[PDB]
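My questions all concern the structure below.
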There are 2 protein chains.
Amino acid sequence: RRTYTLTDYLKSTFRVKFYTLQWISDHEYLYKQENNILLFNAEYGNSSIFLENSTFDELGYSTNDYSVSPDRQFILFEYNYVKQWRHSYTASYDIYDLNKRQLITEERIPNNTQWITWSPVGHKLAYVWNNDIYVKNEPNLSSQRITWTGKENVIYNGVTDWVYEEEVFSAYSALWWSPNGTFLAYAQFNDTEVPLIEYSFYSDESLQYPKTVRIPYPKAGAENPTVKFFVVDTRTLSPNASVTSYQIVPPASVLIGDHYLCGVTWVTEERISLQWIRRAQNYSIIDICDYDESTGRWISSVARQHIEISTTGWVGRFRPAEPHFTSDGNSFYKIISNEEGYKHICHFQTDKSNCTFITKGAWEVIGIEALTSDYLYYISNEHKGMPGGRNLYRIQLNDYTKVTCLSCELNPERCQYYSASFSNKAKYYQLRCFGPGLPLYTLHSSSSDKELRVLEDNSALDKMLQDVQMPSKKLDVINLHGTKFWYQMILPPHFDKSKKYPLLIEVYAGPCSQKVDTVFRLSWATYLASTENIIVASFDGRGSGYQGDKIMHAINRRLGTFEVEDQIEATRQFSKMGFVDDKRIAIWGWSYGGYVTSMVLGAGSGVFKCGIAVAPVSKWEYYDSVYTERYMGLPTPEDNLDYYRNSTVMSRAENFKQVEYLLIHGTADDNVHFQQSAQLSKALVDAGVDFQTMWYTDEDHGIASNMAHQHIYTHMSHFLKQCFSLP
Amino acid sequence: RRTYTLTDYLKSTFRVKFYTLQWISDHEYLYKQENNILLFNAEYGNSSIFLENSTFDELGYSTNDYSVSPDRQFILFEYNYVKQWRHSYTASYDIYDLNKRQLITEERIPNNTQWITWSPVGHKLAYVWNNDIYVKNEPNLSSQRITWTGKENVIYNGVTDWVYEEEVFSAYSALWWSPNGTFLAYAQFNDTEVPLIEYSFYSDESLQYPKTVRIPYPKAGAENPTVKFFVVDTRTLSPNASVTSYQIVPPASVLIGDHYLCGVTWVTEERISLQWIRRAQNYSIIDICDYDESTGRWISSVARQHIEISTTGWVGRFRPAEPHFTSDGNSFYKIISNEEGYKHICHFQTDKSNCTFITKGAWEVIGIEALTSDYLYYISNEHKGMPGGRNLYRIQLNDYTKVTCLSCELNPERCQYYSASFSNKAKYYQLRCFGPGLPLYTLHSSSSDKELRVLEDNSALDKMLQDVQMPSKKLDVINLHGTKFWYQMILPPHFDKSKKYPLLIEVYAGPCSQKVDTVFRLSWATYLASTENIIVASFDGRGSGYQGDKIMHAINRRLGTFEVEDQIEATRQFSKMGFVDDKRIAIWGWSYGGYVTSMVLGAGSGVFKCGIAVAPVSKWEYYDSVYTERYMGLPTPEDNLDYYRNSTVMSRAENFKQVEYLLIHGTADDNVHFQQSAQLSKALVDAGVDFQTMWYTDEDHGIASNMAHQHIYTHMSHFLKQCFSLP
Ligand SMILES: *[C@@H]1O[C@H](CO)[C@@H](O[C@@H]2O[C@H](CO)[C@@H](O)[C@H](O)[C@H]2NC(C)=O)[C@H](O)[C@H]1NC(C)=O
Ligand SMILES: *[C@@H]1O[C@H](CO)[C@@H](O[C@@H]2O[C@H](CO)[C@@H](O)[C@H](O)[C@H]2NC(C)=O)[C@H](O)[C@H]1NC(C)=O
Ligand SMILES: *[C@@H]1O[C@H](CO)[C@@H](O[C@@H]2O[C@H](CO)[C@@H](O)[C@H](O)[C@H]2NC(C)=O)[C@H](O)[C@H]1NC(C)=O
Ligand SMILES: *[C@@H]1O[C@H](CO)[C@@H](O[C@@H]2O[C@H](CO)[C@@H](O)[C@H](O)[C@H]2NC(C)=O)[C@H](O)[C@H]1NC(C)=O
Ligand SMILES: Cn1c(=O)c2c(nc(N3CCC[C@@H](N)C3)n2Cc2ccccc2Br)n(C)c1=O
Ligand SMILES: Cn1c(=O)c2c(nc(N3CCC[C@@H](N)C3)n2Cc2ccccc2Br)n(C)c1=O
Ligand SMILES: Cn1c(=O)c2c(nc(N3CCC[C@@H](N)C3)n2Cc2ccccc2Br)n(C)c1=O
Ligand SMILES: Cn1c(=O)c2c(nc(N3CCC[C@@H](N)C3)n2Cc2ccccc2Br)n(C)c1=O
Ligand SMILES: *[C@@H]1O[C@H](CO)[C@@H](O)[C@H](O)[C@H]1NC(C)=O
Ligand SMILES: *[C@@H]1O[C@H](CO)[C@@H](O)[C@H](O)[C@H]1NC(C)=O
Ligand SMILES: *[C@@H]1O[C@H](CO)[C@@H](O)[C@H](O)[C@H]1NC(C)=O
Ligand SMILES: *[C@@H]1O[C@H](CO)[C@@H](O)[C@H](O)[C@H]1NC(C)=O
Ligand SMILES: *[C@@H]1O[C@H](CO)[C@@H](O)[C@H](O)[C@H]1NC(C)=O
Ligand SMILES: *[C@@H]1O[C@H](CO)[C@@H](O)[C@H](O)[C@H]1NC(C)=O
Ligand SMILES: *[C@@H]1O[C@H](CO)[C@@H](O)[C@H](O)[C@H]1NC(C)=O
Ligand SMILES: *[C@@H]1O[C@H](CO)[C@@H](O)[C@H](O)[C@H]1NC(C)=O
């Protein structure tokens, strides 16, 4: 039998199918099948053609994305996709009238449109062009300019700046329409005082001189972008009328210093919830503002303010959890840490300070999925006490004792990791099972919890993998300093416990990380285990997520310590097992995992023979302010300079003399600048350490271009085989 | 016995001693011995202390350089050395009065002085500060501002811009005092329209954001710096007076288009020789200008103009040869190509077009060293028909048949490569022997040609090398396409002809290159041959220098062709010898040698297993205009775009699949931009080719910082040993 090869992984010969749908009502959803947009009815099972694939072929361009207006009268077509950062992109847009089956030719959406969104009702459009907001009440009508402040690299209206995109919102959008489209709320980011990150972009071979990319990027302790939040009354939008807008300022408790807007949630047409966090990120406030009909003001009240603090570390996981409001908006449900340090759902009253915990246990709620008048639906890792598992649960709002696991025992051996998507009134839901077995996509009714149908079962993939010697993924526990921690091992086929196998540690180990889960993956590790007979292990120690604040906050204000030390002690234990060759142990990782790899290799433990660090952080002062300060505080002698100073990979340069090290980085990395790797290599050169490098010209943080992706894993495979004396 | 190791090479444990002297009269010279400046008298042999080392210790700073005024009244001390490019640097200067044995405290030379020079007589000073010229008639007196146009990165007065330093002058200075210091001639370089090369400089680890270095650098075909040449009358220099200056424009034949000033030679106080070259560099003209006493003008005449044209390639070797004038200035001697294509000395009359060749033969004159009323002294490779040898010859100006070789038979086995330094009236000369044996420095009288003394014989080095198994350097000839070409081989100790040794080719192969010579070197090749038992060979084929224009101009308008092809055919012949392992042949080079190594590896010959390219050119359109256009012309479809297009390393990317390739480059390289290796790696990634890289952070073209230098050779040694299966 054949094995899962490098070619198999790189050329994606074994395809994992999925089922992406867009709920457009309480019982209907849109699905793209063979480039046709089909409208499926969950209530009866039947489907109809919403838009024929023949309309796509006549557009004159490839349709990578579509958006149907909520009233189903128009469709937005995305073409000329020009990717910027992780979520940002500029594109050209066409509006197709579904009523008259014609394409809008007059007053079109301009070229280089940064972001575009329909109103939640009707067919109003709000788009961002040249860092300014424009509103089209009708797709054939002229757009109305909302903002005049927009300036390239300086002022951003309706779109995030670099750091808000990467670390705060995890989205390029900073526009929020009110439920009935009366109001268009937006954030304004001012990057005037933010220093620029500059690096060379070489472009195509024909470009004689390289260009200098300049991005306002705040590094740890640097000047941060400022934010302003406005609510525009779209009703007064007329060509010869001024823009009616009200600026909502944060509460005094956060307004006294540097802050961030971390969340926006429309409650009703006349009530908006704003979530602000201080720059320290151990203090968060929810300010619920009400519209005054007589003045047009959005008034805040002390009674409507909800504080969330952390004394042991930071607020939330990567940000405070979002409030989930009732239809009336008089109460909300939010994930907060309890007295025991576990992240659970608390029920809050909009005008009262006290909350009531509706969930409890030595496990955590991942997210609130849906909320009806009677039920709340959520994802948690409660099942079998596995933090690497995910299941859908429903809690009765009048009786918190009545909790049902909707997904737990559907396919207990095949399915332990779930995600869910609910219909408009949470009447139906799609369940997404990601592993340990082949991913399974199913549809359910919320009333009966009956499985209506199997949307995708990956049967084509099952047939393909029968002819291949696939590796086995084993999940287990080990005890480190009296605490039980989880590990996983991708084991080679025909695994013999008497034989001694080489071991490769795959690491992330970042604050709130989870490398150990039940997700099915056709990864590079699959190839290493299947073809090269390498055990690929991962471990979640101190600082990892979804196991309580005690474990998560263990690395507070001391990144590069416990999580690094735990990777070494876990490997020492793995090597004690008689099936591991102690002479052939390697460690590798990307981003935070590249930093951990490097801090592990610089620890001088003697455990690891070699390691591969891909685009790693080398010194926390070089990384962005939002992420870094959340865990480290400020790099001032008054705050945490000392722990910033002794957590650099450079300070461990001398120990690298005992290992084989491969350092990889993309030159056009906007996130973890090439500077990080360039400063690390320099220190190793100064320490007299031999190591290997690999720069990837014009590649960003992902090193995800088709040719670069293939090259990096082929390079990493050669290095590992050299290190493990493998042909 | 011990071998010459990597540590021996890198830490320079075996020191090659030299003897540096400064002729300050026709019979006297200055020598720095144990930080004492001793004044030696060649006429009698005796020496005296000119400046005690006790004066250096009280200065308060390290004296890296000293300059005595021609009248021996003052001494200039260089401290705070801040290196810029290949020859450029900014430093702080102190003047010490040798008469009153005091230091100058008032009206001092400013900090960040770019260049400083004494007048050829007396003690006048001309210095460059903030791109402007200042003159001090007296070291205690205030300086007089000469130029007002100086602007950082834009206007350069008295100092070269990037390209004039690197490619035209091979010096930072663009100031020329007249023999008796009446006039101060200078060039002004205008870089307004020159595009900038931008690259990141990371600096010390503490620097949070990298800085962007911006240098006006003209790439092949880009807008070039403009040049203005002025002669300032220093006599009218007064604080309340304007500067008296005359701008000398090039002759009409050069002035019609883009040109360069390539040489400045003062003939008399009232006669200056300017050498101009067209941008094409196949047309040069010497314009001899005479001072008009009644008007202050520098008048040129058609009769005083001397044109040098090349139809087969470029003028001169890297620039047209400099004219060597008689004391009267009515005639001059210059190296030009003869009817046979060989560089020989031609005698010209200042007001006549015709010249008379004073030398002849199938060999070349390297340079005119000294000129008296009766004799001309020159260096040539005539001896034993070896183009890699250098000897001092003297020719009688009244009888060109009377030629004496002054150095040929001094030490015929030890000394075949010579350089010379003559006294003010060529009454005495120092002879510098560089190999094949240990370097030997000697003093000689021009009248008797008697060796007065042995300055340095490297006897300490001889004693050290006796206990070390040193490799042997063999020089020989091979026939390629009917032409005899020279090669050299560093052979391992106890060389066994039955044993098959791995072979390393060390290449330069650039236009006018000479890798094959009789110079003694304690190089990386010494270690590879001595410790690792690797034969290190070099070869000079088509395009190489000092063997006539036929061989040199062979690669005109076709770089990457013949010189690459000849490196392959020479290696094929070397491998035919039964002492070379054909399975283990490698090739390596720096700059043009890196370009050649990359072209050889991409040729798909099957001869080479591996190769190392250090800071190579990858595409000629990325390299500067002066060097590139000299051999390639312009990259326009009207000129040589087609040969620019097919001479990139990138076009040969697919063939690299058959070889092991190591690509090295410094990130802060001003000469061959990192862009070149960044564009090369990108093409190899796009071709799906595996290779190895190594970037050197903040390192420039030399990769000459103590730590980087050690790291590079240690890294290349590991790569070579891996390639040759050596422990
Ligand atoms: C346009 O739509 C048709 C369906 O009307 C697509 O045809 C299906 O294609 C898949 C994949 O090749 C087949 O498995 C089905 O059997 C086909 N169905 C029918 C009814 O023929 C067609 O592929 C689409 N074309 C494009 C270019 O997207
Ligand atoms: C930075 O310095 C601190 C303080 O010296 C280090 O913390 C100590 O680490 C040792 C193990 O090496 C423990 O035994 C101590 O209990 C730790 N002390 C404290 C106060 O926590 C820390 O390891 C260093 N950080 C890095 C990244 O090396
Ligand atoms: C350096 O060169 C620039 C041209 O590149 C000269 O600038 C021009 O000067 C004339 C006359 O003053 C103006 O009409 C042009 O508009 C200028 N052009 C540009 C591009 O600036 C400049 O004078 C030169 N400087 C020196 C000191 O020689
Ligand atoms: C660029 O293309 C020309 C195409 O003619 C190459 O020139 C030929 O080189 C081969 C070498 O084996 C000779 O046999 C031909 O006679 C040459 N032709 C001409 C017209 O000169 C040239 O070598 C290519 N350059 C590179 C760098 O590969
Ligand atoms: C809120 N808001 C605005 O509504 C706004 C604005 N700048 C303008 N102008 C656009 C350029 C032409 C200029 N005549 C008006 N307006 C629109 C406007 C204002 C008042 C009365 C009628 C109108 Br129409 N700025 C800067 C702003 O902040
Ligand atoms: C390995 N690895 C990561 O290192 C990792 C990650 N998610 C995050 N973060 C949360 C989202 C915003 C992101 N800036 C931080 N990180 C950390 C990180 C990412 C990229 C660059 C530097 C760092 Br430090 N995931 C999912 C993962 O797999
Ligand atoms: C040659 N040459 C100059 O000599 C020169 C100059 N600009 C100045 N000055 C600078 C500031 C003082 C002002 N008098 C003009 N000068 C000096 C000067 C001029 C005329 C009369 C007396 C003097 Br003192 N330029 C531009 C130039 O080219
Ligand atoms: C290997 N090797 C060289 O490649 C070499 C060289 N001398 C020269 N030149 C003459 C001086 C000006 C210089 N720009 C060209 N070069 C070519 C070159 C140098 C640096 C960057 C790119 C190139 Br193309 N020597 C002495 C040597 O040894
Ligand atoms: C499904 O069938 C019902 C039958 O009553 C019909 O009303 C509905 O429109 C159909 N849906 C689709 C998507 O065709
Ligand atoms: C952006 O901030 C600067 C201060 O850093 C301020 O002067 C400017 O007016 C601000 N612009 C806007 C549109 O808020
Ligand atoms: C708006 O003003 C323009 C002139 O500036 C005028 O042409 C147009 O008719 C006005 N629109 C309305 C709705 O009155
Ligand atoms: C939040 O962090 C700051 C800075 O470390 C600290 O002074 C403050 O007391 C912290 N607040 C809480 C609630 O822990
Ligand atoms: C200074 O010169 C004396 C000889 O006059 C010598 O003995 C001494 O070593 C020298 N010192 C230094 C620091 O060069
Ligand atoms: C060398 O000796 C001669 C003897 O006549 C003397 O005049 C001269 O000054 C001496 N030179 C030096 C440099 O000591
Ligand atoms: C030069 O001019 C200054 C005034 O600008 C004056 O003080 C000085 O005396 C003048 N020098 C001469 C030599 O006249
Ligand atoms: C000099 O070079 C240019 C450009 O390559 C060319 O057009 C011209 O004919 C050449 N002239 C001579 C004399 O070779």
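Note that chain A carries Swiss-Prot numbering, so the residues on display, from first to last, are 40-766.
This entry, so its header tells us, was determined using X-ray crystallography, 2.4 Å.
Every residue, even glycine, has its Cβ placed from backbone N, Cα and C.
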Between A:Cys472, A:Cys762, which residue forms the disulfide that Swiss-Prot gives for A:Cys649?
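Disulfide partner per Swiss-Prot record: A:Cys762.
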If you check Swiss-Prot, which of A:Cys394, A:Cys444, A:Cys472 bonds to A:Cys454 via a disulphide?
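Recorded partner, per Swiss-Prot: A:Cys472.
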From the recorded positions A:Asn150, A:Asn219, A:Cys454, pick the residue whose C-alpha lies nearest to the C-alpha of A:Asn229 (N-linked glycosylation site).
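Closest by Cα distance to A:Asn229 (N-linked glycosylation site) among the recorded positions A:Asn150, A:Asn219, A:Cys454: A:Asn150.
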Could you check the disulfide-bonded residues A:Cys385, A:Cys444, A:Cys454, A:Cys649, A:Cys762 and say which one's CB has the most other CB atoms within 10 Å?
A:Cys454
Between the Cα atoms of A:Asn85 (N-linked glycosylation site) and A:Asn321 (N-linked glycosylation site), find the distance and write it as a whole number of Å.
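Here the two Cα atoms are 50 Å apart.
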List the recorded positions among A:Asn179, A:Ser630, A:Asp708 whose C-alpha is within 10 Å of the C-alpha of A:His740 (active site, charge relay system), in sequence order, or say none.
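A:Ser630, A:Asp708, listed in sequence order.
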Taking the Cα atoms as reference points, how far is A:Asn92 (N-linked glycosylation site) from A:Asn219 (N-linked glycosylation site) in Å?
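Rounded to the nearest whole number, the Cα-Cα distance is 32 Å.
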Just to verify: the residue among A:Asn85, A:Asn279, A:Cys447 with the fewest other Cβ atoms within 10 Å, which of the recorded positions is it?
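So among A:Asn85, A:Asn279, A:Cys447, the recorded positions given, the one with the fewest Cβ atoms within 10 Å is A:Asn279.
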To the nearest Å, how far is the Cα of A:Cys762 (disulfide bond) from the Cα of A:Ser630 (active site, charge relay system)?
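Here the two Cα atoms lie 22 Å apart.
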Listed recorded positions: A:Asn321, A:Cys444, A:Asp708. Which have a CB under 6 angstroms from an atom of ligand 12?
A:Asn321
So for A:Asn685 (N-linked glycosylation site), how many other CB atoms are inside 10 Å of its CB?
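Counting Cβ neighbours of A:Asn685 (N-linked glycosylation site) within 10 Å gives 12.
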Are there any residues at least 6 positions away along the chain from A:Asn150 (N-linked glycosylation site) with a Cβ closer than 8 Å to its Cβ? List them or say none.
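Looking at Cβ-Cβ distances below 8 Å from A:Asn150 (N-linked glycosylation site), excluding near sequence neighbours, one finds A:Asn119, A:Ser131.
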Give me the non-local Cβ neighbours of A:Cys394 (disulfide bond): same chain, 6+ apart in sequence, Cβ-Cβ under 8 Å, ordered along the sequence.
A:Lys373, A:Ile375, A:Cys385, A:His386, A:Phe387
Round to a whole number and give the Cα-to-Cα distance in Å for the pair A:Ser630 (active site, charge relay system) and A:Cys649 (disulfide bond).
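Spelling it out, the Cα of A:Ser630 (active site, charge relay system) and the Cα of A:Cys649 (disulfide bond) are 18 Å apart.
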Nearest of the recorded positions to A:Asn685 (N-linked glycosylation site) by CA-CA distance, picking from A:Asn219, A:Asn279, A:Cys454, A:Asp708?
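Going through A:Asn219, A:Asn279, A:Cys454, A:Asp708 one by one, the closest to A:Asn685 (N-linked glycosylation site) is A:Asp708.
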